[PDB]
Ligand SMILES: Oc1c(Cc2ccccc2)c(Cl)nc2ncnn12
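A lone chain, given as C-alpha cells: the form deposited without the ligand.
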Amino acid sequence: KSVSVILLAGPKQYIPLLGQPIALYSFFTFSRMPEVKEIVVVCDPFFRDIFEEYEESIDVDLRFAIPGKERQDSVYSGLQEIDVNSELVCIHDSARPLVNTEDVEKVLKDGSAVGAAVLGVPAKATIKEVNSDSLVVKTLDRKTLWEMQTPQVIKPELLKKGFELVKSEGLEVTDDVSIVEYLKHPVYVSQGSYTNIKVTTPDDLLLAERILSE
C-alpha cells in the first residue's frame, strides 16, 4: 500500500457523465486498488466536498492540494502532499474517467521496475513531421509512434530531482515523464487501451457513454 495518486481535478472535470461528475470515475478506480495508499486531489477548495463525501467509503487516505497556474505547478503542489515514504507517484488527469484497473496495475508495475512509466497506445493515424513551410520532412514509422495517456507513474525521488531541474532552469513541460526524459533516465511506455479517452467536449462525452454502455 505504497502508491500515492495525484489526481489533477483543478469545471470540465465536473461535467456529469451518467449523472456523476467525470472526476469521480477515476477517483473510485484508484481508491479500490490495494497498492494505492492515498489520493491527493488537486482542486479548487470549492470542490473538495465532491470527494470528501466519499471518504469513509474508500480504503485510501484522502488529501488535498491547491492547483497552480499551469499543469506542472498543479503537479508540484500535489507532490508536496504525498507521503514521505511512498514508493511511487501515479499522476492522473481526471478528464480520463475510463482508465481500467488492469491498465493502472500495468503502468504501476512498469513504473516500479523502470522508475518512470506512462500508459500509451499505438497511434492509429498516419503521422508526418511537417516543417514551417508546411512541407512533409518525413513520414514517421507507424510501428514506432505512441499516443500518450495518463497515468504517468514516477518514483518520487526522481520526480523531485526533475522538479529541481524544472524550477532551476525555467522548464515548461506539458506531461510528467518529460521531466524524467530531461534527466536521461528511462521512461517505459506501458500499452493501454483505446477506451481511455480524454473527455473534454460533448462529442467525447457521447463516446464515453457509449463505452460505458458496452
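Just count from 1 along the sequence shown to find any residue number.
One more form of this protein, solved in complex with the ligand, exists but is not displayed; see below.
- If you superimpose the site C-alphas and bring the ligand over from its pose in the deposited complex, 3 or more of its atoms are within 2.4 angstroms of a backbone or C-beta atom of this form, and that means blocked.
- Residue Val187 is the only one of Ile50, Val187, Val60, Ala65 with a heavy atom lying within 4.5 Å of the ligand in the deposited complex.
- Contact check for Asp175: a heavy atom falls within 4.5 Å of the ligand in the deposited complex.
- The shortest heavy atom separation between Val104 and the ligand in the deposited complex exceeds 4.5 Å.
- Interface residue remark: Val75 is counted as part of the site for the ligand in the deposited complex, having a heavy atom within 4.5 Å.
- In the deposited complex, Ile39 stays away from the ligand, with no heavy atom inside 4.5 Å.
- Site residues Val3, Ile82 and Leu108 are none of them in contact with the ligand in the deposited complex, judged by any heavy atom within 4.5 Å.
- With contact defined as any non-hydrogen atom lying within 4.5 angstroms of the ligand in the deposited complex, the contacting residues in 124-156 are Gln152, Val153, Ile154, given in sequence order.
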